[PDB]
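First, one chain by itself: the form deposited in one PDB entry, in structure tokens.
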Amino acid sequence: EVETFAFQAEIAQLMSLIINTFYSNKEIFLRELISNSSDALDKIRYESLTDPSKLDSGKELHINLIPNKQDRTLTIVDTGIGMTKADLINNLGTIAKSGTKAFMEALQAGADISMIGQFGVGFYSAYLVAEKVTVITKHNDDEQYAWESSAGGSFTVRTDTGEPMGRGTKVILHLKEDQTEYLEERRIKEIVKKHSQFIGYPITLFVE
């Protein structure tokens, strides 16, 4: 049982701007997703300070990067707070409609695509490299869900019955055919060291 939703107009415009603008510095998508993971891990850590049972669903707070050259996917897994169904539908827990407005203004006023995360909409930079993005997520207060979108104006939500994850978010990037450099160990290491060296959680790059 799949539900199909329309992106808000402003988010659909932001997505096609990302997909359609000539912009070579695509590697910033990973920085953006790891930061979001870091924020989600901060929120569950904070909750746990006053309610340690919040961590019943898994105590280890970390980030895994899993390339798979067969499936052509790069997956970012965190054991952060997770998202509820309502969070997923509301632009994955973000204020994306006003974040998009602020980002658009900035882009006229001289800004570039790499500053996207300053406007709270760094998630959508996933579309610099992915033809399709699948987000599996489990929050303590809800069931496990899968969100999916290949852009074009709509996303689906379904309850996910695949591999239980306990708590956190997996962002599965189905990479565009010319973006397979982001599955190479060397290149992912370079990028993590470049843009994500002061993240306060361990980041494990899986090998194949």
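Only the largest set of C-alpha atoms that superpose within 1.5 Å between the two forms is called the rigid core. Only residues modelled in both forms are compared. The first residue of the shown sequence is 1; numbering continues from there.
Missing here is the form deposited in another entry; even so, the following discussion is about that form.
> Does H195 move its CA by 2 angstroms or more between this form and the one not shown when the core is aligned?
The answer is yes; the displacement is at least 2 Å.
> Comparing between this form and the one not shown on the rigid core: C-alpha of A109 shifted by 2 Å or more?
Shift at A109: 2 Å or more after core fit.
> Quick check: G93 between this form and the one not shown - does its CA shift reach 2 Å or more after fitting the rigid core?
Yes; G93 is a residue whose C-alpha shifts (by 2 Å or more) between this form and the one not shown when the cores are overlaid.
> Assuming the CA distance changes by 3 angstroms or more, are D160 and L92 closer together or farther apart in the other entry compared with the shown structure?
Those two alpha carbons end up farther apart in the other entry.
> Hey, the CA atoms of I199 and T94 end up closer or farther in the other entry than in the shown form, with the change being 3 Å or more?
Farther apart, which means the C-alphas of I199 and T94 are at least 3 Å more distant in the other entry.
> Relative to the superposed rigid core, which consecutive-residue segments of length 3 or more display CA displacements of 2 Å or more between this form and the one not shown?
These are the shifted runs between this form and the one not shown: 90-94, 108-110, 195-198.
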